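Heads up, model_29.cif below (mmCIF, C-alpha atoms (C1' of nucleotides)):
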```cif
data_input
#
loop_
_atom_site.group_PDB
_atom_site.id
_atom_site.type_symbol
_atom_site.label_atom_id
_atom_site.label_comp_id
_atom_site.auth_asym_id
_atom_site.auth_seq_id
_atom_site.Cartn_x
_atom_site.Cartn_y
_atom_site.Cartn_z
ATOM 1 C CA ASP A 1 -48.838 -66.932 -129.923
ATOM 2 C CA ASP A 2 -52.590 -67.039 -129.302
ATOM 3 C CA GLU A 3 -53.840 -70.547 -130.059
ATOM 4 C CA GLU A 4 -50.811 -72.210 -128.490
ATOM 5 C CA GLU A 5 -51.133 -70.080 -125.365
ATOM 6 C CA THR A 6 -54.795 -71.033 -125.002
ATOM 7 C CA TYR A 7 -53.890 -74.693 -125.409
ATOM 8 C CA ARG A 8 -51.189 -74.358 -122.765
ATOM 9 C CA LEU A 9 -53.582 -72.684 -120.333
ATOM 10 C CA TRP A 10 -56.200 -75.383 -120.836
ATOM 11 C CA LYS A 11 -53.622 -78.117 -120.292
ATOM 12 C CA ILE A 12 -52.370 -76.416 -117.123
ATOM 13 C CA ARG A 13 -55.907 -76.127 -115.782
ATOM 14 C CA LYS A 14 -56.653 -79.776 -116.529
ATOM 15 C CA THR A 15 -53.436 -80.781 -114.787
ATOM 16 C CA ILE A 16 -54.281 -78.730 -111.701
ATOM 17 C CA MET A 17 -57.804 -80.145 -111.566
ATOM 18 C CA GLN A 18 -56.492 -83.702 -111.765
ATOM 19 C CA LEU A 19 -53.983 -82.821 -109.043
ATOM 20 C CA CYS A 20 -56.602 -81.421 -106.687
ATOM 21 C CA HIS A 21 -58.766 -84.469 -107.305
ATOM 22 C CA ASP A 22 -55.847 -86.771 -106.514
ATOM 23 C CA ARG A 23 -55.123 -84.932 -103.262
ATOM 24 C CA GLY A 24 -58.718 -85.286 -102.092
ATOM 25 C CA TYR A 25 -60.462 -82.017 -102.901
ATOM 26 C CA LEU A 26 -63.851 -82.532 -104.514
ATOM 27 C CA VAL A 27 -64.092 -81.494 -108.171
ATOM 28 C CA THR A 28 -66.654 -81.826 -110.945
ATOM 29 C CA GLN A 29 -66.366 -84.913 -113.082
ATOM 30 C CA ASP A 30 -67.010 -82.411 -115.873
ATOM 31 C CA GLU A 31 -64.141 -79.990 -115.284
ATOM 32 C CA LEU A 32 -61.892 -82.931 -114.436
ATOM 33 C CA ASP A 33 -61.950 -83.991 -118.098
ATOM 34 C CA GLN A 34 -63.311 -80.974 -119.941
ATOM 35 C CA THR A 35 -62.177 -80.762 -123.547
ATOM 36 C CA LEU A 36 -60.682 -77.613 -125.017
ATOM 37 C CA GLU A 37 -63.759 -76.538 -126.989
ATOM 38 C CA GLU A 38 -65.797 -75.664 -123.910
ATOM 39 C CA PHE A 39 -62.691 -73.968 -122.540
ATOM 40 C CA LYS A 40 -62.596 -71.635 -125.532
ATOM 41 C CA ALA A 41 -66.345 -71.074 -125.353
ATOM 42 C CA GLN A 42 -66.075 -70.269 -121.650
ATOM 43 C CA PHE A 43 -63.219 -67.792 -121.604
ATOM 44 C CA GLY A 44 -62.884 -66.393 -125.123
ATOM 45 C CA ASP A 45 -59.808 -68.033 -126.623
ATOM 46 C CA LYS A 46 -58.102 -64.629 -126.975
ATOM 47 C CA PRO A 47 -55.414 -64.775 -124.286
ATOM 48 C CA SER A 48 -53.367 -62.234 -126.226
ATOM 49 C CA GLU A 49 -54.648 -59.124 -124.447
ATOM 50 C CA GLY A 50 -58.167 -60.500 -124.269
ATOM 51 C CA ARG A 51 -60.778 -62.185 -122.104
ATOM 52 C CA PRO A 52 -58.917 -65.369 -121.099
ATOM 53 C CA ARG A 53 -56.402 -63.397 -119.047
ATOM 54 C CA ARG A 54 -54.484 -64.880 -116.138
ATOM 55 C CA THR A 55 -55.598 -64.320 -112.542
ATOM 56 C CA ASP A 56 -59.163 -64.594 -113.844
ATOM 57 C CA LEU A 57 -59.118 -68.367 -114.379
ATOM 58 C CA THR A 58 -57.973 -69.114 -110.831
ATOM 59 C CA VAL A 59 -59.993 -71.831 -109.118
ATOM 60 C CA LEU A 60 -60.805 -72.329 -105.439
ATOM 61 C CA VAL A 61 -61.733 -75.844 -104.327
ATOM 62 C CA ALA A 62 -62.668 -77.138 -100.889
ATOM 63 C CA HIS A 63 -61.512 -80.424 -99.427
ATOM 64 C CA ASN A 64 -63.773 -83.446 -99.732
ATOM 65 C CA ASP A 65 -64.510 -84.124 -96.061
ATOM 66 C CA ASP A 66 -63.497 -80.759 -94.548
ATOM 67 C CA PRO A 67 -65.587 -78.171 -96.429
ATOM 68 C CA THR A 68 -63.773 -75.520 -94.380
ATOM 69 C CA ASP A 69 -60.398 -76.198 -96.043
ATOM 70 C CA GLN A 70 -59.671 -74.691 -99.450
ATOM 71 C CA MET A 71 -56.636 -73.687 -101.502
ATOM 72 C CA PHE A 72 -56.092 -71.017 -104.111
ATOM 73 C CA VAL A 73 -54.477 -71.481 -107.516
ATOM 74 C CA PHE A 74 -53.059 -68.140 -108.626
ATOM 75 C CA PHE A 75 -51.485 -67.288 -111.983
ATOM 76 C CA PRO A 76 -49.383 -64.130 -111.686
ATOM 77 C CA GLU A 77 -48.691 -62.311 -114.936
ATOM 78 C CA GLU A 78 -45.151 -61.332 -113.981
ATOM 79 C CA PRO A 79 -42.688 -63.623 -115.796
ATOM 80 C CA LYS A 80 -40.239 -63.087 -112.924
ATOM 81 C CA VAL A 81 -42.574 -63.016 -109.928
ATOM 82 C CA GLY A 82 -41.298 -60.830 -107.084
ATOM 83 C CA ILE A 83 -42.193 -60.694 -103.403
ATOM 84 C CA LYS A 84 -44.681 -57.849 -103.689
ATOM 85 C CA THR A 85 -47.017 -60.055 -105.725
ATOM 86 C CA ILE A 86 -46.854 -62.937 -103.254
ATOM 87 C CA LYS A 87 -47.141 -60.383 -100.462
ATOM 88 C CA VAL A 88 -50.417 -59.032 -101.825
ATOM 89 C CA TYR A 89 -51.670 -62.549 -102.530
ATOM 90 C CA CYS A 90 -51.045 -63.592 -98.931
ATOM 91 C CA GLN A 91 -52.621 -60.391 -97.627
ATOM 92 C CA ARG A 92 -55.745 -61.006 -99.706
ATOM 93 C CA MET A 93 -55.740 -64.630 -98.590
ATOM 94 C CA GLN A 94 -55.614 -63.557 -94.952
ATOM 95 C CA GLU A 95 -59.215 -62.330 -95.106
ATOM 96 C CA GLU A 96 -60.477 -65.900 -95.345
ATOM 97 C CA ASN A 97 -59.470 -68.803 -93.127
ATOM 98 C CA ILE A 98 -57.829 -70.563 -96.043
ATOM 99 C CA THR A 99 -54.344 -71.835 -95.325
ATOM 100 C CA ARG A 100 -53.093 -73.721 -98.396
ATOM 101 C CA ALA A 101 -52.540 -72.353 -101.882
ATOM 102 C CA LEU A 102 -50.682 -73.103 -105.103
ATOM 103 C CA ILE A 103 -48.768 -70.634 -107.261
ATOM 104 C CA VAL A 104 -48.249 -71.092 -110.992
ATOM 105 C CA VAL A 105 -45.339 -68.916 -112.076
ATOM 106 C CA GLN A 106 -44.499 -68.259 -115.706
ATOM 107 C CA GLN A 107 -40.749 -68.348 -115.084
ATOM 108 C CA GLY A 108 -38.830 -69.246 -111.956
ATOM 109 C CA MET A 109 -39.418 -66.916 -109.028
ATOM 110 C CA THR A 110 -36.491 -64.869 -107.766
ATOM 111 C CA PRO A 111 -34.522 -66.425 -104.879
ATOM 112 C CA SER A 112 -35.617 -63.556 -102.639
ATOM 113 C CA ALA A 113 -39.185 -64.767 -103.158
ATOM 114 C CA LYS A 114 -38.550 -68.317 -101.939
ATOM 115 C CA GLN A 115 -37.303 -66.938 -98.629
ATOM 116 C CA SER A 116 -40.600 -65.121 -98.121
ATOM 117 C CA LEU A 117 -42.554 -68.191 -99.228
ATOM 118 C CA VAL A 118 -40.887 -70.431 -96.659
ATOM 119 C CA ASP A 119 -41.076 -67.686 -94.033
ATOM 120 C CA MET A 120 -44.882 -67.632 -93.966
ATOM 121 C CA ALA A 121 -44.843 -71.438 -94.050
ATOM 122 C CA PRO A 122 -46.249 -72.459 -90.628
ATOM 123 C CA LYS A 123 -49.117 -69.963 -90.944
ATOM 124 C CA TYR A 124 -49.964 -70.204 -94.654
ATOM 125 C CA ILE A 125 -48.748 -73.147 -96.721
ATOM 126 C CA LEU A 126 -48.042 -72.062 -100.279
ATOM 127 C CA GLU A 127 -45.968 -73.762 -102.964
ATOM 128 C CA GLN A 128 -44.962 -72.980 -106.526
ATOM 129 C CA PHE A 129 -45.112 -74.811 -109.840
ATOM 130 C CA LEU A 130 -43.660 -73.871 -113.198
ATOM 131 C CA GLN A 131 -46.209 -74.091 -115.984
ATOM 132 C CA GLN A 132 -43.567 -76.043 -117.876
ATOM 133 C CA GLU A 133 -43.902 -78.613 -115.078
ATOM 134 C CA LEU A 134 -47.720 -78.621 -115.260
ATOM 135 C CA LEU A 135 -48.182 -79.159 -119.007
ATOM 136 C CA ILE A 136 -47.954 -82.907 -118.332
ATOM 137 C CA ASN A 137 -49.370 -85.004 -115.499
ATOM 138 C CA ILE A 138 -46.478 -87.185 -114.353
ATOM 139 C CA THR A 139 -48.615 -89.487 -112.208
ATOM 140 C CA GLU A 140 -50.052 -91.014 -115.385
ATOM 141 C CA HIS A 141 -46.597 -91.903 -116.680
ATOM 142 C CA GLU A 142 -45.815 -95.563 -117.236
ATOM 143 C CA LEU A 143 -42.754 -95.501 -114.981
ATOM 144 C CA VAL A 144 -44.293 -93.529 -112.093
ATOM 145 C CA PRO A 145 -46.292 -96.105 -110.110
ATOM 146 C CA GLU A 146 -49.351 -95.285 -108.034
ATOM 147 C CA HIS A 147 -48.797 -93.330 -104.804
ATOM 148 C CA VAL A 148 -51.147 -93.216 -101.811
ATOM 149 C CA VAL A 149 -50.546 -90.671 -99.054
ATOM 150 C CA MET A 150 -51.052 -92.424 -95.733
ATOM 151 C CA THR A 151 -52.780 -91.151 -92.617
ATOM 152 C CA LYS A 152 -50.920 -90.897 -89.329
ATOM 153 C CA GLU A 153 -52.914 -93.675 -87.681
ATOM 154 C CA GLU A 154 -52.019 -96.251 -90.315
ATOM 155 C CA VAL A 155 -48.400 -95.070 -90.351
ATOM 156 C CA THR A 156 -48.221 -95.853 -86.647
ATOM 157 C CA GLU A 157 -49.981 -99.150 -87.325
ATOM 158 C CA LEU A 158 -47.363 -100.084 -89.911
ATOM 159 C CA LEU A 159 -44.418 -99.088 -87.739
ATOM 160 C CA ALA A 160 -45.866 -101.033 -84.809
ATOM 161 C CA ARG A 161 -46.482 -104.068 -87.016
ATOM 162 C CA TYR A 162 -42.964 -104.340 -88.378
ATOM 163 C CA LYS A 163 -41.448 -103.172 -85.069
ATOM 164 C CA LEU A 164 -39.430 -100.885 -87.314
ATOM 165 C CA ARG A 165 -38.446 -97.337 -86.456
ATOM 166 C CA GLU A 166 -39.732 -94.817 -88.978
ATOM 167 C CA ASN A 167 -36.137 -93.635 -89.311
ATOM 168 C CA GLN A 168 -35.362 -97.030 -90.878
ATOM 169 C CA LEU A 169 -37.851 -96.729 -93.735
ATOM 170 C CA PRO A 170 -36.627 -95.604 -97.167
ATOM 171 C CA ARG A 171 -36.431 -91.882 -97.831
ATOM 172 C CA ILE A 172 -37.915 -89.546 -100.429
ATOM 173 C CA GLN A 173 -36.901 -85.903 -100.412
ATOM 174 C CA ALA A 174 -39.704 -83.355 -100.469
ATOM 175 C CA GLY A 175 -38.268 -81.816 -103.635
ATOM 176 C CA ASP A 176 -39.241 -84.898 -105.620
ATOM 177 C CA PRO A 177 -41.836 -83.997 -108.286
ATOM 178 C CA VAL A 178 -44.215 -86.678 -106.999
ATOM 179 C CA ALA A 179 -43.887 -85.339 -103.459
ATOM 180 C CA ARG A 180 -44.640 -81.779 -104.527
ATOM 181 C CA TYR A 181 -47.520 -83.077 -106.640
ATOM 182 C CA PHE A 182 -49.160 -84.736 -103.650
ATOM 183 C CA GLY A 183 -48.277 -81.916 -101.275
ATOM 184 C CA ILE A 184 -46.765 -84.297 -98.741
ATOM 185 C CA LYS A 185 -44.361 -82.642 -96.318
ATOM 186 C CA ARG A 186 -41.579 -83.780 -94.012
ATOM 187 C CA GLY A 187 -42.388 -86.543 -91.554
ATOM 188 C CA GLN A 188 -45.042 -88.338 -93.583
ATOM 189 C CA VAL A 189 -45.094 -91.757 -95.252
ATOM 190 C CA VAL A 190 -46.152 -92.431 -98.845
ATOM 191 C CA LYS A 191 -47.328 -95.860 -99.934
ATOM 192 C CA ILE A 192 -45.999 -97.191 -103.233
ATOM 193 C CA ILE A 193 -47.703 -99.966 -105.195
ATOM 194 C CA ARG A 194 -45.701 -101.486 -108.031
ATOM 195 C CA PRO A 195 -46.591 -104.324 -110.402
ATOM 196 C CA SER A 196 -44.048 -106.996 -109.476
ATOM 197 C CA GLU A 197 -43.060 -109.287 -112.331
ATOM 198 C CA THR A 198 -42.078 -112.002 -109.827
ATOM 199 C CA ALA A 199 -44.857 -111.414 -107.280
ATOM 200 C CA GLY A 200 -47.677 -109.763 -109.215
ATOM 201 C CA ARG A 201 -47.932 -106.809 -106.851
ATOM 202 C CA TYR A 202 -45.479 -105.349 -104.359
ATOM 203 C CA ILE A 203 -46.211 -102.621 -101.806
ATOM 204 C CA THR A 204 -43.466 -100.525 -100.213
ATOM 205 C CA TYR A 205 -43.336 -97.366 -98.096
ATOM 206 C CA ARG A 206 -41.207 -94.240 -98.196
ATOM 207 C CA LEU A 207 -40.900 -91.700 -95.400
ATOM 208 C CA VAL A 208 -40.406 -88.130 -96.569
ATOM 209 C CA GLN A 209 -37.248 -86.588 -95.124
ATOM 210 C "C1'" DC B 1 -25.211 -47.414 -102.633
ATOM 211 C "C1'" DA B 2 -24.672 -51.634 -100.217
ATOM 212 C "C1'" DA B 3 -25.943 -56.557 -99.260
ATOM 213 C "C1'" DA B 4 -28.475 -61.069 -100.147
ATOM 214 C "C1'" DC B 5 -28.218 -65.304 -103.320
ATOM 215 C "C1'" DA B 6 -27.774 -67.503 -107.801
ATOM 216 C "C1'" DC B 7 -25.135 -68.866 -112.098
ATOM 217 C "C1'" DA B 8 -21.191 -69.424 -115.173
ATOM 218 C "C1'" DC B 9 -16.451 -69.697 -115.217
ATOM 219 C "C1'" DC B 10 -11.723 -70.465 -113.555
ATOM 220 C "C1'" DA B 11 -8.503 -72.598 -110.597
ATOM 221 C "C1'" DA B 12 -7.126 -76.223 -107.334
ATOM 222 C "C1'" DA B 13 -6.910 -81.239 -105.668
ATOM 223 C "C1'" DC B 14 -8.227 -86.914 -104.762
ATOM 224 C "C1'" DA B 15 -8.486 -91.390 -105.813
ATOM 225 C "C1'" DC B 16 -8.835 -95.273 -108.931
ATOM 226 C "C1'" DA B 17 -7.073 -97.877 -112.677
ATOM 227 C "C1'" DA B 18 -8.759 -107.183 -111.966
ATOM 228 C "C1'" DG B 19 -7.189 -111.554 -109.113
ATOM 229 C "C1'" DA B 20 -2.998 -112.814 -108.580
ATOM 230 C "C1'" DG B 21 1.290 -116.614 -109.349
ATOM 231 C "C1'" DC B 22 6.682 -117.540 -110.453
ATOM 232 C "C1'" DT B 23 11.564 -116.193 -111.597
ATOM 233 C "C1'" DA B 24 15.753 -113.102 -112.346
ATOM 234 C "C1'" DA B 25 19.263 -109.029 -110.970
ATOM 235 C "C1'" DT B 26 21.495 -103.532 -108.937
ATOM 236 C "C1'" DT B 27 21.931 -100.880 -105.396
ATOM 237 C "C1'" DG B 28 26.903 -103.320 -100.449
ATOM 238 C "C1'" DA B 29 28.321 -93.658 -99.058
ATOM 239 C "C1'" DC B 30 31.464 -90.238 -98.500
ATOM 240 C "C1'" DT B 31 35.865 -85.608 -97.058
ATOM 241 C "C1'" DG B 32 36.790 -83.551 -93.161
ATOM 242 C "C1'" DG B 33 38.093 -82.542 -87.981
ATOM 243 C "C1'" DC B 34 39.307 -84.559 -84.140
ATOM 244 C "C1'" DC B 35 40.648 -88.024 -80.356
ATOM 245 C "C1'" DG B 36 42.840 -92.276 -79.399
ATOM 246 C "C1'" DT B 37 46.643 -96.102 -80.732
ATOM 247 C "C1'" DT B 38 50.331 -96.913 -82.463
ATOM 248 C "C1'" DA B 39 54.651 -96.328 -85.910
ATOM 249 C "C1'" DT B 40 58.204 -93.386 -86.710
ATOM 250 C "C1'" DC B 41 61.821 -89.710 -85.927
ATOM 251 C "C1'" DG B 42 64.800 -87.798 -82.509
ATOM 252 C "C1'" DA B 43 68.018 -87.152 -77.841
ATOM 253 C "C1'" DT B 44 70.654 -89.265 -74.394
ATOM 254 C "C1'" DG B 45 72.659 -92.593 -72.859
ATOM 255 C "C1'" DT B 46 75.711 -97.010 -71.881
ATOM 256 C "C1'" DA B 47 77.696 -101.312 -74.097
ATOM 257 C "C1'" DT B 48 80.920 -102.864 -77.572
ATOM 258 C "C1'" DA B 49 84.191 -102.041 -81.675
ATOM 259 C "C1'" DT B 50 88.047 -99.541 -83.258
ATOM 260 C "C1'" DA B 51 92.004 -95.819 -83.115
ATOM 261 C "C1'" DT B 52 95.594 -93.101 -80.538
ATOM 262 C "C1'" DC B 53 98.691 -92.778 -76.990
ATOM 263 C "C1'" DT B 54 101.340 -94.693 -72.855
ATOM 264 C "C1'" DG B 55 103.506 -98.516 -70.277
ATOM 265 C "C1'" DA B 56 106.060 -103.110 -69.879
ATOM 266 C "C1'" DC B 57 108.548 -106.660 -72.375
ATOM 267 C "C1'" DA B 58 111.452 -108.117 -76.348
ATOM 268 C "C1'" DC B 59 115.088 -107.894 -79.913
ATOM 269 C "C1'" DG B 60 118.588 -104.938 -81.617
ATOM 270 C "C1'" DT B 61 122.065 -101.118 -81.857
ATOM 271 C "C1'" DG B 62 125.159 -98.320 -79.316
ATOM 272 C "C1'" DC B 63 128.365 -95.289 -76.120
ATOM 273 C "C1'" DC B 64 131.163 -96.055 -72.656
ATOM 274 C "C1'" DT B 65 134.308 -98.510 -69.425
ATOM 275 C "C1'" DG B 66 137.531 -101.676 -68.628
ATOM 276 C "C1'" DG B 67 140.267 -105.500 -70.692
ATOM 277 C "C1'" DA B 68 143.121 -107.442 -74.041
ATOM 278 C "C1'" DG B 69 147.263 -107.701 -78.085
ATOM 279 C "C1'" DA B 70 152.054 -106.837 -80.176
ATOM 280 C "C1'" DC B 71 155.827 -104.865 -79.584
ATOM 281 C "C1'" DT B 72 159.377 -102.443 -77.069
ATOM 282 C "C1'" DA B 73 162.923 -100.982 -73.356
ATOM 283 C "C1'" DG B 74 165.953 -102.200 -69.889
ATOM 284 C "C1'" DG B 75 166.552 -104.154 -65.798
ATOM 285 C "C1'" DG B 76 164.654 -107.772 -62.298
ATOM 286 C "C1'" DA B 77 165.332 -112.471 -61.580
ATOM 287 C "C1'" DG B 78 168.743 -115.852 -61.951
ATOM 288 C "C1'" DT B 79 173.670 -119.741 -63.434
ATOM 289 C "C1'" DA B 80 178.167 -120.845 -62.251
ATOM 290 C "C1'" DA B 81 182.388 -120.140 -58.684
ATOM 291 C "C1'" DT B 82 184.259 -118.685 -54.682
ATOM 292 C "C1'" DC B 83 185.224 -117.683 -49.737
ATOM 293 C "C1'" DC B 84 185.193 -118.914 -45.094
ATOM 294 C "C1'" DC B 85 181.874 -118.248 -41.352
ATOM 295 C "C1'" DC B 86 179.805 -121.305 -38.703
ATOM 296 C "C1'" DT B 87 177.332 -125.374 -37.904
ATOM 297 C "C1'" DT B 88 177.234 -130.252 -36.820
ATOM 298 C "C1'" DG B 89 179.862 -133.617 -34.788
ATOM 299 C "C1'" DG B 90 183.349 -135.927 -31.425
ATOM 300 C "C1'" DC B 91 185.762 -137.418 -26.768
#
```

Represent the structure contained in this file as structure tokens.
Amino acid sequence: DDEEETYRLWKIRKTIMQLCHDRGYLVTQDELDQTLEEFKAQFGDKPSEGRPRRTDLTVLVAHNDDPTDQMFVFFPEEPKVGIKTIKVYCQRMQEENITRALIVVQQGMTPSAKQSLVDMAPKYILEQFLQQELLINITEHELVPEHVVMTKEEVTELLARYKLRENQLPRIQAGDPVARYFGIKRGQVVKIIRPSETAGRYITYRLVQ
DNA sequence: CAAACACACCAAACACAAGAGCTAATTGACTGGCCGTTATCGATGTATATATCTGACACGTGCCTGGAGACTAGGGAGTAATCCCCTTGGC
């Protein structure tokens, strides 16, 4: 389809922009909530072998406080992305000092690809998202409360306040969709704020592991 | 072509099935070989009971020796007279 594909692309882009904004990267208040009309008028609304073709709508955004830190958002055309594509992406990334990135794959990448992805991990952080997982922004959902990634200093402050070993805090595996959304990694604590029906508000913490 | 992982399927197990409380009744091992005790069958008697034969005592029959009976023959023992030898007796 044409119209549906354009709608899907616009939704994916909006989701990614909201995600980057949540993480901390600075983004236009315009593109954060741009409707679909300007999207059509910008790209062409002819994804079917036309102007709005993938890999052309990628967006690079720099962090809020560290203008030196950016992250790509690729959109490979291969339904079953291989390793060669990620290989060339990483090579082309290597020219700049960028370290983080985000891959949007049509369909699930082959298992051989995940091995390569993790292999380059310490040097170039890159993670994957299925468009099917990006068509909706979970963090807005009624059930999913509000997360706040904590800085190391305050994590130490918390642990020293409650005299509690970080091993004793609750756990949240990295695979969790909220974790992958925020880009948290192992050994890092996420603050959770829930409306408590018996206490108004209740704040808890979860160490990723 | 060979090796990596992933998925679907097939095949194989684990553990659970509320808290308990009371009462009743069915099961009470068994062939066989073998040793160890003891009951039984058998020989090798010596003691007692009974049968055959021999010895001593008893009653009975008997062969043999000597004794006894009737009768006889014929002669031994024995009256009645006589002589006169011899004894007892005498002065």

- request: Work out how far apart CA of residue 3 (chain A) and CA of residue 15 (chain A) are and give it in Å to one decimal.
  value: 18.4 Å

Expected selection from the PyMOL selection byres ((chain A) within 10 of (chain B)), given as an mmCIF file with C-alpha atoms, in the coordinates of the input:
```
data_model
loop_
_atom_site.group_PDB
_atom_site.id
_atom_site.type_symbol
_atom_site.label_atom_id
_atom_site.label_comp_id
_atom_site.auth_asym_id
_atom_site.auth_seq_id
_atom_site.Cartn_x
_atom_site.Cartn_y
_atom_site.Cartn_z
ATOM 1 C CA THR A 110 -36.491 -64.869 -107.766
ATOM 2 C CA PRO A 111 -34.522 -66.425 -104.879
ATOM 3 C CA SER A 112 -35.617 -63.556 -102.639
#
```

task: With a distance cut-off of 7 Å and all atoms listed in the file, select the neighbouring residues of region 180-190 of chain A, excluding the residue or stretch itself and same-chain residues fewer than 6 positions from it, and output the selection as an MDAnalysis selection string.
output: chainID A and resid 19 23 147:150 155 174 205:209

- prompt: Using the chain letters and numbers from the file, which residues does the PyMOL selection byres ((chain A and resi 89-97) around 12) grab, as JSON, numbers by chain?
  reply: {"A": [55, 60, 62, 67, 68, 69, 70, 71, 72, 73, 74, 75, 76, 81, 82, 83, 84, 85, 86, 87, 88, 98, 99, 100, 101, 102, 103, 116, 117, 119, 120, 121, 123, 124, 125, 126]}

- line: Between CA of residue 52 (chain A) and CA of residue 2 (chain A) lies a distance of 10.5 Å

field: Atomic separation - CA of residue 24 (chain A) relative to CA of residue 114 (chain A), Å
entry: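 Interatomic distance here is 26.4 Å.
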
query: If you apply the PyMOL selection byres ((chain A and resi 130) around 8) to this file, what residues do you get, as an MDAnalysis selection string?
result: chainID A and resid 104:108 128:129 131:134

Listed atoms of region 78-88 of chain B boxed along x, y and z, 8 Å each side, centre and edge lengths in Å, one decimal, as lines of an AutoDock Vina configuration file:
```
center_x = 177.0
center_y = -123.1
center_z = -50.1
size_x = 32.5
size_y = 30.4
size_z = 42.6
```

- request: For residue 27 (chain A), please output as JSON, numbers by chain all residues within 8 Å (counting all atoms listed in the file; exclusion window: fewer than 4 positions along the same chain).
  value: {"A": [17, 20, 21, 31, 32, 61]}

statement: With distances taken over all atoms listed in the file, the candidate from A:26, A:167, A:172, A:177 nearest residue 144 (chain A) is A:177

message: With distances taken over all atoms listed in the file, which residue among A:9, A:179, A:16, A:59 lies nearest residue 46 (chain A)?
response: A:9
